[PDB]
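Each remark here refers to the structure printed beneath this line.
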Amino acid sequence: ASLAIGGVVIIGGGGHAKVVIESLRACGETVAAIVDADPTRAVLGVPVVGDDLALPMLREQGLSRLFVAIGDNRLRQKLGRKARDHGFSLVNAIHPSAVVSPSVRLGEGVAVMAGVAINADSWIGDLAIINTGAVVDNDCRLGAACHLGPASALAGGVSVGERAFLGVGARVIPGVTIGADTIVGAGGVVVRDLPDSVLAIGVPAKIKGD
Amino acid sequence: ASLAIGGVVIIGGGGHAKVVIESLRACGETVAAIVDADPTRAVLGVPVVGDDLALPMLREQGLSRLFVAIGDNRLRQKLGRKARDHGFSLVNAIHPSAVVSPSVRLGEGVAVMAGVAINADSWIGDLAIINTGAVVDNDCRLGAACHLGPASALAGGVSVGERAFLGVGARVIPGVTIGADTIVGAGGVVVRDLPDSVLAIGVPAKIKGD
Amino acid sequence: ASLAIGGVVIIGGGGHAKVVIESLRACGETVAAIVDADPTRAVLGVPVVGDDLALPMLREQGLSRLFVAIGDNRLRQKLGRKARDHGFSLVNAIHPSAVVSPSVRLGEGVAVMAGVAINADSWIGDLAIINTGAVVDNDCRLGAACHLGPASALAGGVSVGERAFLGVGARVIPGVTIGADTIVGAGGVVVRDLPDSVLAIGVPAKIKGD
Ligand SMILES: CC(C)(COP(=O)(O)OP(=O)(O)OC[C@H]1O[C@@H](n2cnc3c(N)ncnc32)[C@H](O)[C@@H]1OP(=O)(O)O)[C@@H](O)C(=O)NCCC(=O)NCCS
Ligand SMILES: CC(C)(COP(=O)(O)OP(=O)(O)OC[C@H]1O[C@@H](n2cnc3c(N)ncnc32)[C@H](O)[C@@H]1OP(=O)(O)O)[C@@H](O)C(=O)NCCC(=O)NCCS
Ligand SMILES: CC(C)(COP(=O)(O)OP(=O)(O)OC[C@H]1O[C@@H](n2cnc3c(N)ncnc32)[C@H](O)[C@@H]1OP(=O)(O)O)[C@@H](O)C(=O)NCCC(=O)NCCS
Ligand SMILES: C[C@H]1O[C@H](OP(=O)(O)OP(=O)(O)OC[C@H]2O[C@@H](n3cnc4c(=O)[nH]c(N)nc43)[C@H](O)[C@@H]2O)[C@@H](O)[C@@H](O)[C@@H]1N
Ligand SMILES: C[C@H]1O[C@H](OP(=O)(O)OP(=O)(O)OC[C@H]2O[C@@H](n3cnc4c(=O)[nH]c(N)nc43)[C@H](O)[C@@H]2O)[C@@H](O)[C@@H](O)[C@@H]1N
Ligand SMILES: C[C@H]1O[C@H](OP(=O)(O)OP(=O)(O)OC[C@H]2O[C@@H](n3cnc4c(=O)[nH]c(N)nc43)[C@H](O)[C@@H]2O)[C@@H](O)[C@@H](O)[C@@H]1N
Ligand SMILES: [Cl-]
Ligand SMILES: [Cl-]
Ligand SMILES: [Cl-]
Ligand code: NA
């Protein structure tokens, strides 16, 4: 439990964590430690020091910066709130290759992966993930803890509800609103508004029931 | 109507203008003023000085560089010709992150957005838009005033007619020719030549009549 | 047959060669010569000196670095082995804009084109092509001589067999394995494992027989 000072604590030790650790390192940040619900190790050289019960200990020793590297949107949002209650600040992990327009408003805890572009006047909620290669055109609104998967793309003026997930290569045409907790499958091309809490798949994307 | 000297005049004050203004600024250019058919303001800090009737006044005061930031392809092409008749030179707006091969031939008035790649020996007509994240592989020919939408991709040796539009995430396989004034819907994957003036949608893209 | 010393020999003189030559040049490498089965010229200024029968002559004159710029996967793999038997080392051609994570394992003879991202702990076999704009998320395994076409994307933990080909804009969801010698058509979205030697097309991708 002997750590260096000044680095970032990561919640989560999975594949998403690996990519986040490397984004932070590419920016010259140090990653201090991981907390993982499997408390057994290291992820890309970063020690796993315990489960979330280790958070108070980490804060006590002076570490105060944290990122939640958990892909699950509702779990990520809960763990973000837990981290803030424990006195951590949620950093953003923005790969140096990402292009984020100067008029974009970013929340906290946001992952913006390599190859991303986000254009003018888009707003990105806390704990959003904008994954590898994704594109966000002008005037989009991304709600807290939503996830745009790798190689997905939003055309202009799209709104994505809290905790919504767009799978790899999903596309949304201009002006469309997607509700909270909605899942667009890989490749789905969304051509009309989607309400909350549905799954939509296909070209064009259609809602799938039971 | 008091402007600085030396900057670029933009025709159009919408979302496409915002992204173009930011591309020009990212290259260290200054944007002088906007002319918009709604002559009422500012777009990202750039004053709207009037409608197109203000063009002669702008030229008289020494401004001579212009970009047409209008997404509509036929309107953009008409306004490009109007600007040149009024003594403006059409600049290109190429985001610093775009990768444009040294053997690509670029026209004038061309937008090439963040994250774009254009590979060897492609030719890009005047007033084309190559939007955010789009890919153009080797030996493509893009006609004047066509538009490749965000995250679209052309494989090698594709020809795109004048004023044709490919929606977000559209894909075209090698060797395909797309006629002038043709629209490929978002996500459409074009696997055979398309004639002029049709709409094609789907995977694979199929022509849609009335 | 008078060449400079120190440059890279390219097998293949087609469109893929053009893009590879430009990637090598963008890194400050010199391309010495091309060998092409049509021995008649130059490709982007690089002389075509003969067919593969010229390889021994090139090695004798001190050239020892080679890239196989042939899109055909089985032919590329055969010509890679021929080049190594003739005493050449297979270089990699990685465009300066590509983002290749520090924990990625690269083979030899690999093309990684402009705009590519490859994330943590992916392994890339000899003679793979990762084409323009393609994305490879964490923990992927790309077999020797496979080809990810332009704008294609693999989500995390995907395995792609030897000589498999994914067409422009193909997508594969997490955890999927694709067999050797399998072809995914342009735009195909692969949602379950594919065996060896099939063709799969569509959203979702389905195997097509005769
Ligand atoms: C849509 C998705 C959520 C469905 O999961 P699921 O509901 O367990 O679906 P199943 O695998 O049982 O498949 C149900 C049917 O829909 C089809 N299907 C599955 N995913 C599909 C997709 N993305 N597009 C179109 N059809 C799809 C399947 O072929 C199956 O068809 P059948 O009825 O003919 O068998 C999932 O396949 C998906 O696309 N996930 C995206 C994951 C991702 O991109 N992660 C990146 C994270 S960084
Ligand atoms: C194809 C498109 C042009 C159609 O507009 P439209 O003709 O007004 O079409 P509608 O919205 O009336 O839909 C007609 C039908 O085609 C379907 N459809 C619409 N767009 C589709 C698309 N991209 N792919 C497949 N099907 C589509 C709709 O589901 C509707 O189906 P229905 O008959 O079952 O209701 C439009 O949806 C589109 O894709 N635009 C791309 C815009 C864009 O990408 N802009 C980026 C600018 S930077
Ligand atoms: C799938 C592919 C390999 C098929 O080639 P093919 O077997 O000669 O197929 P055909 O052109 O005869 O078309 C067969 C049918 O499948 C359809 N089809 C072709 N390609 C398709 C694709 N990518 N997705 C869905 N359907 C497709 C055609 O519409 C045709 O339909 P029909 O039965 O209604 O006429 C090819 O179209 C393709 O996608 N190539 C990708 C090439 C590429 O991306 N190169 C980039 C290199 S860097
Ligand atoms: C965006 C990515 O999201 C997901 O990747 P991921 O890293 O979130 O998923 P996994 O690789 O399963 O890793 C999840 C990790 O998250 C840990 N975890 C799960 N729940 C908790 C928790 O409550 N607290 C802490 N501290 N850690 C938790 C797990 O023990 C596991 O190590 C997947 O859906 C991937 O497909 C995708 N690349
Ligand atoms: C590529 C983009 O194309 C389109 O964006 P856009 O900026 O062209 O569209 P809008 O946001 O409607 O803005 C168009 C602007 O263009 C102005 N305009 C429309 N016609 C004229 C004109 O004739 N002259 C001048 N000077 N301006 C004109 C309008 O008053 C309006 O302000 C949309 O299709 C978007 O989806 C897309 N991002
Ligand atoms: C990734 C790319 O793959 C393919 O492009 P490509 O450059 O491999 O294909 P082509 O433009 O036909 O060029 C193939 C070249 O490869 C040469 N070639 C073909 N066979 C041989 C060979 O055995 N030895 C040598 N030294 N050269 C060979 C041909 O004479 C021809 O000049 C296409 O499928 C494209 O769509 C794609 N951009
Ligand atoms: Cl570190
Ligand atoms: Cl300015
Ligand atoms: Cl050279
Ligand atoms: Na990209």
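Just follow the structure's listing: the first ligand is 1, and inside any ligand the first atom is 1. Heavy-atom basis, side chains included; hydrogens, waters and symmetry copies ignored. Lettering of chains follows the sequences in order, A, B, ..., and the numbering in each one begins at 1.
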(request) Between C/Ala37 and ligand 6, find which residue part has any heavy-atom pair under 4.0 Å and reply side chain, backbone, both or neither. (result) both

(message) Heavy atoms only, cut-off 4.0 Å: how does C/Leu79 contact ligand 6, side chain, backbone, both, or neither?
(response) side chain

(request) Look only at the side chain of A/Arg65 and the backbone of A/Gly6, and say whether a donor-acceptor pair between them is shorter than 3.5 Å. (result) yes

(request) Spell out, as yes or no, whether a donor-acceptor pair under 3.5 Å connects the side chain of B/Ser122 to the backbone of B/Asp137. (result) yes

Using side-chain heavy atoms (C-beta onward) and a distance below 4.5 Å, is [X] in contact with [Y]?
X: B/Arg163; Y: B/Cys146; answer: no
X: C/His16; Y: C/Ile129; answer: yes
X: C/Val20; Y: C/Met113; answer: yes
X: B/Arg59; Y: B/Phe88; answer: yes
X: C/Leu44; Y: B/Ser103; answer: yes
X: B/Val136; Y: B/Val116; answer: no

Nearest heavy atom to [atom] wins, so pick from [options].
atom: atom 19 (C) of ligand 5; options: B/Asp38, B/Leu75, B/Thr40; answer: B/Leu75
atom: atom 15 (C) of ligand 5; options: B/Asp51, B/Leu53, B/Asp36; answer: B/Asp36
atom: atom 22 (C) of ligand 5; options: B/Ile34, B/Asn73, B/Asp52, B/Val9; answer: B/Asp52

What is the closest protein heavy atom to [atom], and at what distance does it sit?
atom: atom 18 (N) of ligand 6; value: C/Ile70 CD1, 3.8 Å
atom: atom 3 (O) of ligand 6; value: C/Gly71 CA, 3.4 Å
atom: atom 11 (O) of ligand 6; value: C/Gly15 N, 3.2 Å

(message) Is B/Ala155 close enough to touch ligand 6? Criterion: a residue heavy atom under 4.0 Å from a ligand atom.
(response) no

(request) Would you please determine whether B/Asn138 falls within less than 4.0 Å of ligand 6 on a heavy-atom basis? (result) yes

[atom] touched by protein heavy atom at under 4.0 Å:
atom: atom 37 (C) of ligand 6; value: no
atom: atom 9 (O) of ligand 6; value: no
atom: atom 34 (O) of ligand 5; value: no
atom: atom 13 (O) of ligand 5; value: yes
atom: atom 28 (C) of ligand 5; value: yes

(message) With salt bridge (charged side-chain N to carboxylate O under 4.0 Å, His left out) as the criterion, how do B/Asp52 and B/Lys82 come out once you've worked through the C-alpha distance, each side chain's angles and the decisive distance to 0.1 Å?
(response) CA-CA 9 Å; B/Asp52 293 323; B/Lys82 185 196 297 291; 5.3 Å; no

(message) Could you check whether A/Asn119 and A/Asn138, counting side-chain N and O atoms only, form a donor-acceptor pair closer than 3.5 Å?
(response) no

(request) Give the minimum heavy-atom separation between B/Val158 and B/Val160, together with the two atoms involved. (result) CG1-CG2, 4.0 Å

(request) Write down the atom of C/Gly149, the atom of C/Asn131, and the distance for their closest heavy-atom approach. (result) C-CB, 3.7 Å

(message) Side chain, backbone, both or neither: which applies to B/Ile129 and ligand 5 if a contact is any heavy-atom pair less than 4.0 Å apart?
(response) neither

(message) If we set the cut-off at 4.0 Å for heavy atoms, which region of A/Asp137 has an atom near ligand 5: side chain, backbone, both, or neither?
(response) neither

(request) Enumerate the atoms of ligand 6 whose separation from the nearest heavy atom of C/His147 is less than 4.0 angstrom. (result) 1 (C)

(request) Using a strict cut-off of 4.0 Å, indicate which atoms of ligand 5 neighbour a heavy atom of A/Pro174. (result) 36 (O)

(message) Distance under 4.0 Å to a non-hydrogen atom of B/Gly14: what atoms of ligand 5 satisfy this?
(response) 7 (O), 11 (O), 13 (O), 15 (C), 32 (O)

(request) Could you walk me through whether B/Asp126 and B/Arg84 pass salt bridge (charged side-chain N to carboxylate O under 4.0 Å, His left out), step by step? (result) CA-CA 12 Å; B/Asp126 281 357; B/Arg84 292 166 149 158; 3.2 Å; yes

(message) Does any N or O of ligand 5 fall below 3.5 Å from an N or O anywhere on B/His16, backbone included?
(response) yes

(request) Return a yes/no value for B/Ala17: is any of its N or O atoms, backbone included, closer than 3.5 angstrom to an N or O of ligand 5? (result) no

